[PDB]
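Below you'll find only one chain, the form deposited without this ligand, shown as structure tokens.
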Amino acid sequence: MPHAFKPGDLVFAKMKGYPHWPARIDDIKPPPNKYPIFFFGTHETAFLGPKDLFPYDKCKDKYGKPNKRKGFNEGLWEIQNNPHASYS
């Protein structure tokens, strides 16, 4: 019986030109039905809507796999080993 997305939720996040990326919902004026997403590895943030947001536990078997992009494998590390830490 899923809830809505909340700060601390772990996801993969899909933006264009990039693979599904280990990320978390950050704390926050937020654009309508968009969330502040923190991308592990890159330590960039962006506002994304639920359609681009894939829960970590359900989807990790598919998306949670190494990739050559800059930051990605580090981000895999962060999301599995210390997902709630400070990355700034």
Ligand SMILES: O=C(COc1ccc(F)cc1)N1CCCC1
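One rule holds for the numbers: they count along the sequence shown, beginning at 1.
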- Task: Count, per the entry, the deposited residues between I28 and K29 that are not modelled, and return the matching class: none, 1 to 3, 4 to 9, or 10 or more.
- Result: 4 to 9
- Could you check which stretch, 37 to 45 or 52 to 60, carries the larger mean CA temperature factor in the entry? 37 to 45
- Check the entry's C-alpha temperature factors for 2 to 10 and 77 to 85, then say which stretch has the higher mean. 2 to 10
- Task: Name the third of the chain's ranked CA B-factors that contains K65, choosing lowest, middle or highest.
- Result: middle
- Task: Classify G17 as lowest, middle or highest third according to the C-alpha B-factor given in the PDB entry, relative to its own chain.
- Result: highest
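Just so it is clear, the following notes concern the form deposited with this ligand bound, a form of the same protein that is not shown.
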- Going by a heavy atom distance of 4.5 Å, is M15 a contact of this ligand in the deposited bound form? yes
- If you check in the deposited bound form, is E44 within 4.5 Å of this ligand, heavy atoms only? yes
